[PDB]
């Protein structure tokens, strides 16, 4: 496991700073974020300075997708069996209440729960919201 690189990141920072929120941002975000864990995705978003209102639209989509994920994935009875991972909640997938190894476990269980791919999907939905507002 490798936590994102200053370069793929300085790239994203420059994509967002020039191309604004033109549709091009979305394919780029998908490339720059291949195999990312939720924590990597959040560090890429957190690096984006300013564009406060757009960032709040993104957050609103993330919060809404996380709540839907919860709605459609009831919390299994605890206590969790030893050598088992609890199932991820929405907040876990968005990386606010999960750890990186936990993220990694999920991505690596057999079968896997692809938390990175799921959160990335929520992120892209929010990016589409931004793009349709600003362009």
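Residue numbers count along the first chain shown, from 1.
Here the stretch with the larger average CA B-factor, out of 101-109 and 34-42, is 101-109. In this entry, the higher average B-factor at the C-alpha atoms falls on 6-14, of the pair 6-14 and 114-122. Across the residues 60, 92, 87, 68, the deposited record lists the maximum Cα B factor for 87. In the PDB entry, a CA B factor belonging to the middle third of its chain's modelled residues is recorded for residue 77.
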